[PDB]
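Asks: This is the structure, below, for whatever I ask next.
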Amino acid sequence: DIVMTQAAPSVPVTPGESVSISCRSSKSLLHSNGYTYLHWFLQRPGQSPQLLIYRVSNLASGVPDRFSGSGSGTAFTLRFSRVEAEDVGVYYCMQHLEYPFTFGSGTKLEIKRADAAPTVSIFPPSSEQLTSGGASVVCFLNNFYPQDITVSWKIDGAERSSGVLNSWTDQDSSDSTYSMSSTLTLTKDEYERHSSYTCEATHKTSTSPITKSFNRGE
Amino acid sequence: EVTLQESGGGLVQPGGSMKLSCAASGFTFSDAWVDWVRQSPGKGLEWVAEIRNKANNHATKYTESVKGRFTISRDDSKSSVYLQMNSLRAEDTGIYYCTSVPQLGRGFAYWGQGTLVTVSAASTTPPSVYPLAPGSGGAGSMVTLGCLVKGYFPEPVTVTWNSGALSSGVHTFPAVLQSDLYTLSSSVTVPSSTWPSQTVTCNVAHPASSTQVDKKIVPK
Ligand SMILES: CN1[C@H]2CC[C@@H]1[C@@H](C(=O)O)[C@@H](OC(=O)c1ccccc1)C2
């Protein structure tokens, strides 16, 4: 099979600057007919892939003028003349010379912006959930940057690690931030054995963990 | 106006069968060579199969791992292509996209929206929806509310807020799977001047079970 390699798993870029993404094939993609069968695709978070450039340098219909491609044989480059925050997504190259067609692993474009601390919100189990024997405590850590964050849960000051369900959003296309949901899953019986529930977030924006907590007894 | 629209996916039994369809419009389907590509965590995008146009004898080609199990076909009179999948395996789970090469050298120019295929013996289960309202008094300027959607299977569920009227301050997070099945949160941030004066409701749909639930977020 032909192997498509996109070394960079991601590339950080600030809006307004130019940037390039590289792809290499394991075989020349030049066909006997004289065309070079290398195409580029964008897949924004939660959407289908969409063609950006076909046959190395031809922009597809509707694609922004800011894109261009170059390359030959086994080496290709996708360039942005000026990046925009809405360009977040995964960029893939694909060889369309021989079967099976094969795609590179993709390079995620990450927009760099000013640091932003998380807006942290905690939620006691809903009364509706409690009557059903459930006690999930939810914590949203929203709209923060950079993307790494850590969450610790404490029940009456003791750290709890099992039964925690964590989920992250892709980078926001308008404000370049990230958000995370962390749910402490407890049964109603377990929920009532204690009173202090804290969601503590550690992120680069503060040397002190951000703490949100409540008391069951309230 | 170009469009490709896949249908026919969803949950399927391991070792069972499922046929995906894709309806084309807005371009000359009969001249196009048409393909299926799927996406999975683990391989990223993966080419599945292709059927050529009549001029090229409707020839088919398949990736090694589905040869003999999947059959691609087309019906030019309905401008449609199909992928009949047999002997389904867990490795076949993924989103499947219909895409076409409308003319020579054009690449995969048009793609459908994608259809999730989940190969699992687990059964369909509806979600329960629980409002998430703030514990204290607001103030300050903005308040975050949420909806907990848990216990459903398979994915996906759609969540909107005020039927779509609120979308700019919403984050619907990826669902997490464990013993209780899927659990997903959606949050919405609005001015303290909007809620609780105005009704904020999360609307959840789970097409697999035909469940729809609207839950109003009320001060606790
Ligand atoms: C290396 N080639 C070979 C195999 C992949 C790629 C592709 C291409 O050349 O564009 C193929 O042909 C088409 O997909 C096509 C031809 C006519 C009309 C519509 C589509 C022919």
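So you can find residues: chains in the structure tokens are A, B, ... in the order shown, residues in each start at 1, and ligands are numbered from 1 in order.
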List as a tab-separated table every residue of chain A that is in contact with chain B, defined as an atom at most 8 Å from one of its atoms (using only C-alpha atoms), together with the nearest atom pair and the distance in Å rounded to one decimal, sorted by chain and then rising number.
Replies:
residue	atom	partner	partner_atom	distance
A:35	CA	B:105	CA	7.8
A:37	CA	B:105	CA	7.6
A:39	CA	B:107	CA	6.7
A:47	CA	B:113	CA	7.1
A:48	CA	B:113	CA	5.6
A:49	CA	B:111	CA	7.1
A:50	CA	B:111	CA	6.7
A:51	CA	B:109	CA	5.7
A:54	CA	B:107	CA	5.8
A:55	CA	B:105	CA	7.0
A:60	CA	B:109	CA	7.7
A:96	CA	B:107	CA	7.2
A:99	CA	B:63	CA	7.7
A:100	CA	B:63	CA	5.7
A:101	CA	B:47	CA	6.0
A:102	CA	B:47	CA	6.7
A:103	CA	B:45	CA	6.4
A:105	CA	B:44	CA	6.2
A:106	CA	B:44	CA	7.9
A:121	CA	B:144	CA	7.1
A:122	CA	B:134	CA	7.5
A:123	CA	B:132	CA	6.3
A:124	CA	B:135	CA	7.1
A:125	CA	B:132	CA	7.9
A:126	CA	B:132	CA	6.5
A:128	CA	B:130	CA	6.8
A:129	CA	B:130	CA	6.6
A:140	CA	B:187	CA	7.6
A:165	CA	B:176	CA	6.4
A:166	CA	B:176	CA	7.3
A:167	CA	B:174	CA	5.8
A:168	CA	B:173	CA	6.3
A:169	CA	B:173	CA	5.7
A:179	CA	B:171	CA	7.6
A:180	CA	B:173	CA	7.5
A:181	CA	B:185	CA	6.9
A:214	CA	B:135	CA	7.9
Asks: Save the residues we just selected, C-alpha atoms, as a PDB file, in the first residue's frame?
Replies:
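Resulting contents of out05.pdb:
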ATOM      1  CA  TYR A  35      -1.044  14.297 -13.274  1.00  0.00           C
ATOM      2  CA  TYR A  37      -2.616  12.422  -7.508  1.00  0.00           C
ATOM      3  CA  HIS A  39      -5.305  15.907  -2.589  1.00  0.00           C
ATOM      4  CA  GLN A  47     -18.427  17.506  10.312  1.00  0.00           C
ATOM      5  CA  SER A  48     -17.575  15.415   7.214  1.00  0.00           C
ATOM      6  CA  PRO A  49     -14.243  15.913   5.439  1.00  0.00           C
ATOM      7  CA  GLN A  50     -14.366  18.465   2.583  1.00  0.00           C
ATOM      8  CA  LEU A  51     -11.917  18.790  -0.303  1.00  0.00           C
ATOM      9  CA  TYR A  54      -7.029  18.547  -5.650  1.00  0.00           C
ATOM     10  CA  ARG A  55      -3.922  17.371  -7.580  1.00  0.00           C
ATOM     11  CA  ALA A  60     -11.570  23.311  -4.993  1.00  0.00           C
ATOM     12  CA  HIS A  96      -5.500   8.932  -5.215  1.00  0.00           C
ATOM     13  CA  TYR A  99      -5.794   1.225  -4.763  1.00  0.00           C
ATOM     14  CA  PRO A 100      -6.300   1.109  -1.922  1.00  0.00           C
ATOM     15  CA  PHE A 101      -6.464   4.974  -1.760  1.00  0.00           C
ATOM     16  CA  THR A 102      -4.699   5.977   1.487  1.00  0.00           C
ATOM     17  CA  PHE A 103      -4.825   9.021   3.750  1.00  0.00           C
ATOM     18  CA  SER A 105      -2.925  10.558   9.760  1.00  0.00           C
ATOM     19  CA  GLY A 106      -3.798  14.276   9.597  1.00  0.00           C
ATOM     20  CA  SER A 121     -19.372  25.470  37.754  1.00  0.00           C
ATOM     21  CA  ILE A 122     -20.414  22.674  39.943  1.00  0.00           C
ATOM     22  CA  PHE A 123     -23.823  21.060  40.194  1.00  0.00           C
ATOM     23  CA  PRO A 124     -25.262  19.087  42.952  1.00  0.00           C
ATOM     24  CA  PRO A 125     -27.263  16.061  41.859  1.00  0.00           C
ATOM     25  CA  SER A 126     -30.642  17.075  40.562  1.00  0.00           C
ATOM     26  CA  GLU A 128     -35.003  14.319  39.903  1.00  0.00           C
ATOM     27  CA  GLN A 129     -31.896  12.177  39.667  1.00  0.00           C
ATOM     28  CA  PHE A 140     -17.964  22.187  33.850  1.00  0.00           C
ATOM     29  CA  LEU A 165     -16.147  10.519  33.670  1.00  0.00           C
ATOM     30  CA  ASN A 166     -14.179  13.214  31.772  1.00  0.00           C
ATOM     31  CA  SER A 167     -14.964  14.613  28.307  1.00  0.00           C
ATOM     32  CA  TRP A 168     -13.301  17.532  26.325  1.00  0.00           C
ATOM     33  CA  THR A 169     -14.497  19.674  23.491  1.00  0.00           C
ATOM     34  CA  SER A 179     -13.961  23.266  27.690  1.00  0.00           C
ATOM     35  CA  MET A 180     -14.134  20.113  29.779  1.00  0.00           C
ATOM     36  CA  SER A 181     -16.980  18.252  31.621  1.00  0.00           C
ATOM     37  CA  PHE A 214     -21.074  22.616  47.889  1.00  0.00           C
TER      38      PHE A 214
END
Asks: Find the residues around region 64-80 of chain A up to 8 Å (only C-alpha atoms counted), leave out those fewer than 5 positions away in its own chain, and share them as a list in words.
Replies: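 Near neighbours after the sequence-gap exclusion: residues 18, 19, 20, 21, 22, 23, 24, 25, 26, 27, 28, 29, 30, 36, 40, 52, 53, 56, 57, 58 and 59 of chain A.
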Asks: Would you tabulate, counting only C-alpha atoms and all ligand atoms, all residues of chain B that have an atom at most 6 Å from an atom of ligand 1, showing the closest pair of atoms and their distance in Å to one decimal, sorted by chain then ascending number, as a Markdown table?
Replies:
| residue | atom | partner | partner_atom_place_in_ligand_line | distance |
| --- | --- | --- | --- | --- |
| B:31 | CA | ligand 1 | 18 (C) | 5.8 |
| B:32 | CA | ligand 1 | 19 (C) | 4.4 |
| B:33 | CA | ligand 1 | 20 (C) | 4.6 |
| B:101 | CA | ligand 1 | 20 (C) | 4.7 |
| B:102 | CA | ligand 1 | 19 (C) | 4.9 |
| B:103 | CA | ligand 1 | 19 (C) | 3.7 |
| B:104 | CA | ligand 1 | 10 (O) | 3.9 |
| B:105 | CA | ligand 1 | 10 (O) | 3.4 |
| B:106 | CA | ligand 1 | 10 (O) | 5.6 |
| B:107 | CA | ligand 1 | 10 (O) | 5.9 |
Asks: Do a neighbour search on residue 117 (chain A) at 10 Å with only C-alpha atoms, toss out local chain neighbours closer than 4 positions, and write the hits as a list in words.
Replies: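 My list of contacting residues is residues 141, 142, 143, 144, 145, 146, 149, 177, 201, 202, 203, 204, 205, 206 and 210 of chain A.
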Asks: Could you write out, as a ChimeraX atom specification, all the residues of region 1-101 of chain A that DSSP marks as strand (DSSP E or B)?
Replies: /A:4-5,10-13,19-25,30,36,38-43,49-54,58-59,67-72,75-80,89-95
Asks: May I have the residues from that selection written out with C-alpha atoms, as a PDB file, in the first residue's frame?
Replies:
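New file part00.pdb:
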ATOM      1  CA  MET A   4       1.100   8.798   3.512  1.00  0.00           C
ATOM      2  CA  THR A   5       2.962  10.435   6.369  1.00  0.00           C
ATOM      3  CA  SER A  10      -0.666  19.275  15.165  1.00  0.00           C
ATOM      4  CA  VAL A  11       0.700  22.708  14.443  1.00  0.00           C
ATOM      5  CA  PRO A  12       0.089  25.831  16.659  1.00  0.00           C
ATOM      6  CA  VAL A  13      -0.557  29.086  14.781  1.00  0.00           C
ATOM      7  CA  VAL A  19       1.685  28.585   8.009  1.00  0.00           C
ATOM      8  CA  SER A  20       2.504  25.357   6.220  1.00  0.00           C
ATOM      9  CA  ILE A  21       1.647  21.668   6.700  1.00  0.00           C
ATOM     10  CA  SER A  22       3.693  18.919   5.144  1.00  0.00           C
ATOM     11  CA  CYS A  23       2.858  15.424   3.809  1.00  0.00           C
ATOM     12  CA  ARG A  24       5.104  12.767   2.230  1.00  0.00           C
ATOM     13  CA  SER A  25       4.237   9.669   0.228  1.00  0.00           C
ATOM     14  CA  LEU A  30       2.975  11.068 -10.466  1.00  0.00           C
ATOM     15  CA  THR A  36       0.068  13.982  -9.598  1.00  0.00           C
ATOM     16  CA  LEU A  38      -2.268  14.074  -4.130  1.00  0.00           C
ATOM     17  CA  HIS A  39      -5.305  15.907  -2.589  1.00  0.00           C
ATOM     18  CA  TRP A  40      -5.826  17.815   0.654  1.00  0.00           C
ATOM     19  CA  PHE A  41      -8.903  17.728   2.886  1.00  0.00           C
ATOM     20  CA  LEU A  42     -10.179  19.615   5.917  1.00  0.00           C
ATOM     21  CA  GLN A  43     -12.358  17.926   8.566  1.00  0.00           C
ATOM     22  CA  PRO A  49     -14.243  15.913   5.439  1.00  0.00           C
ATOM     23  CA  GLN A  50     -14.366  18.465   2.583  1.00  0.00           C
ATOM     24  CA  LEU A  51     -11.917  18.790  -0.303  1.00  0.00           C
ATOM     25  CA  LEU A  52      -9.561  21.794  -0.145  1.00  0.00           C
ATOM     26  CA  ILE A  53      -7.030  21.111  -2.908  1.00  0.00           C
ATOM     27  CA  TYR A  54      -7.029  18.547  -5.650  1.00  0.00           C
ATOM     28  CA  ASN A  58      -5.762  23.261  -7.566  1.00  0.00           C
ATOM     29  CA  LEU A  59      -8.126  24.900  -5.171  1.00  0.00           C
ATOM     30  CA  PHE A  67      -5.080  28.135   0.806  1.00  0.00           C
ATOM     31  CA  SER A  68      -2.425  26.962  -1.707  1.00  0.00           C
ATOM     32  CA  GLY A  69      -0.603  23.721  -2.219  1.00  0.00           C
ATOM     33  CA  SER A  70       2.782  22.715  -3.745  1.00  0.00           C
ATOM     34  CA  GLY A  71       4.964  19.790  -4.095  1.00  0.00           C
ATOM     35  CA  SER A  72       6.042  16.979  -6.341  1.00  0.00           C
ATOM     36  CA  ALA A  75       6.750  15.667  -0.874  1.00  0.00           C
ATOM     37  CA  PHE A  76       3.868  18.180  -0.565  1.00  0.00           C
ATOM     38  CA  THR A  77       2.923  21.233   1.372  1.00  0.00           C
ATOM     39  CA  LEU A  78      -0.410  22.864   2.184  1.00  0.00           C
ATOM     40  CA  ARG A  79      -0.009  26.591   3.058  1.00  0.00           C
ATOM     41  CA  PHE A  80      -2.242  29.170   4.566  1.00  0.00           C
ATOM     42  CA  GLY A  89      -9.754  21.297  12.284  1.00  0.00           C
ATOM     43  CA  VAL A  90      -7.690  18.369  11.029  1.00  0.00           C
ATOM     44  CA  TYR A  91      -5.983  18.572   7.663  1.00  0.00           C
ATOM     45  CA  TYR A  92      -5.400  15.347   5.729  1.00  0.00           C
ATOM     46  CA  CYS A  93      -3.468  14.565   2.544  1.00  0.00           C
ATOM     47  CA  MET A  94      -4.581  11.578   0.477  1.00  0.00           C
ATOM     48  CA  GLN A  95      -2.962   9.678  -2.450  1.00  0.00           C
TER      49      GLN A  95
END
Asks: Mind checking which residues fall within 12 Å of residue 193 (chain A), counting only C-alpha atoms, ignoring those fewer than 3 positions away in the same chain, and posting them as a list in words?
Replies: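 These residues fall inside the cut-off: residues 135, 155, 156, 186, 187, 188, 189, 190, 196, 197, 215, 216 and 217 of chain A.
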Asks: Counting only C-alpha atoms, which residue out of B:88, B:67, B:139, B:82 sits closest to residue 121 (chain B)?
Replies: B:88
Asks: DSSP on the backbone: which residues in region 41-192 of chain A end up as alpha helix (DSSP H)? Give the answer as a list in words.
Replies: residues 127, 128, 129, 130, 131, 188, 189, 190, 191 and 192 of chain A
Asks: Can you write just those residues out, N, CA, C and O atoms, as a PDB file, in the first residue's frame?
Replies:
ATOM      1  N   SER A 127     -32.518  16.936  42.065  1.00  0.00           N
ATOM      2  CA  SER A 127     -33.497  16.169  42.895  1.00  0.00           C
ATOM      3  C   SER A 127     -34.159  15.054  42.025  1.00  0.00           C
ATOM      4  O   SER A 127     -34.439  13.962  42.492  1.00  0.00           O
ATOM      5  N   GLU A 128     -34.355  15.344  40.737  1.00  0.00           N
ATOM      6  CA  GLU A 128     -35.003  14.319  39.903  1.00  0.00           C
ATOM      7  C   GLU A 128     -34.112  13.077  39.825  1.00  0.00           C
ATOM      8  O   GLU A 128     -34.588  11.899  39.846  1.00  0.00           O
ATOM      9  N   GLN A 129     -32.787  13.321  39.734  1.00  0.00           N
ATOM     10  CA  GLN A 129     -31.896  12.177  39.667  1.00  0.00           C
ATOM     11  C   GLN A 129     -31.890  11.381  40.995  1.00  0.00           C
ATOM     12  O   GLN A 129     -31.902  10.149  40.987  1.00  0.00           O
ATOM     13  N   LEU A 130     -31.929  12.087  42.114  1.00  0.00           N
ATOM     14  CA  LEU A 130     -31.878  11.451  43.452  1.00  0.00           C
ATOM     15  C   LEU A 130     -33.050  10.544  43.706  1.00  0.00           C
ATOM     16  O   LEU A 130     -32.885   9.445  44.248  1.00  0.00           O
ATOM     17  N   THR A 131     -34.232  10.965  43.260  1.00  0.00           N
ATOM     18  CA  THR A 131     -35.396  10.124  43.490  1.00  0.00           C
ATOM     19  C   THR A 131     -35.237   8.817  42.722  1.00  0.00           C
ATOM     20  O   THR A 131     -35.789   7.805  43.096  1.00  0.00           O
ATOM     21  N   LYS A 188     -27.087   7.088  45.111  1.00  0.00           N
ATOM     22  CA  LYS A 188     -27.686   7.983  46.115  1.00  0.00           C
ATOM     23  C   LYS A 188     -27.172   7.581  47.515  1.00  0.00           C
ATOM     24  O   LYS A 188     -26.806   8.484  48.314  1.00  0.00           O
ATOM     25  N   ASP A 189     -27.095   6.255  47.790  1.00  0.00           N
ATOM     26  CA  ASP A 189     -26.599   5.800  49.098  1.00  0.00           C
ATOM     27  C   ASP A 189     -25.233   6.398  49.382  1.00  0.00           C
ATOM     28  O   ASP A 189     -25.085   7.102  50.401  1.00  0.00           O
ATOM     29  N   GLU A 190     -24.260   6.203  48.447  1.00  0.00           N
ATOM     30  CA  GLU A 190     -22.918   6.780  48.608  1.00  0.00           C
ATOM     31  C   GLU A 190     -22.967   8.293  48.742  1.00  0.00           C
ATOM     32  O   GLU A 190     -22.208   8.856  49.537  1.00  0.00           O
ATOM     33  N   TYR A 191     -23.824   8.967  47.954  1.00  0.00           N
ATOM     34  CA  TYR A 191     -23.885  10.424  48.014  1.00  0.00           C
ATOM     35  C   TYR A 191     -24.176  10.890  49.459  1.00  0.00           C
ATOM     36  O   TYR A 191     -23.499  11.776  50.019  1.00  0.00           O
ATOM     37  N   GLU A 192     -25.167  10.262  50.081  1.00  0.00           N
ATOM     38  CA  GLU A 192     -25.522  10.660  51.446  1.00  0.00           C
ATOM     39  C   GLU A 192     -24.532  10.377  52.612  1.00  0.00           C
ATOM     40  O   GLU A 192     -24.604  11.041  53.641  1.00  0.00           O
TER      41      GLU A 192
END
Asks: Please compute the CA of residue 213 (chain B)-CA of residue 127 (chain B) distance, one decimal, in Å.
Replies: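 CA of residue 127 (chain B) lies 8.8 Å from CA of residue 213 (chain B).
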Asks: Need to verify the contact set: residue 51 (chain B), 9 Å, only C-alpha atoms, exclusion of same-chain residues closer than 4 positions in sequence. Can you return it as a PyMOL selection string?
Replies: chain B and resi 33-35+58-61+72-74+81
Asks: Okay, now the selection with C-alpha atoms, as a PDB file, in the first residue's frame?
Replies:
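Output saved as out02.pdb:
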ATOM      1  CA  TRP B  33     -17.035   7.139  -9.868  1.00  0.00           C
ATOM      2  CA  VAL B  34     -18.456   6.783  -6.324  1.00  0.00           C
ATOM      3  CA  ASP B  35     -16.771   5.644  -3.116  1.00  0.00           C
ATOM      4  CA  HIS B  58     -19.308  -0.431 -13.211  1.00  0.00           C
ATOM      5  CA  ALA B  59     -16.117  -2.115 -11.976  1.00  0.00           C
ATOM      6  CA  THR B  60     -15.702  -2.413  -8.179  1.00  0.00           C
ATOM      7  CA  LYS B  61     -12.628  -2.293  -6.022  1.00  0.00           C
ATOM      8  CA  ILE B  72     -20.811  -1.833  -3.397  1.00  0.00           C
ATOM      9  CA  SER B  73     -23.491  -1.186  -6.083  1.00  0.00           C
ATOM     10  CA  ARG B  74     -25.251   1.712  -7.830  1.00  0.00           C
ATOM     11  CA  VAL B  81     -24.894   4.115  -4.509  1.00  0.00           C
TER      12      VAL B  81
END
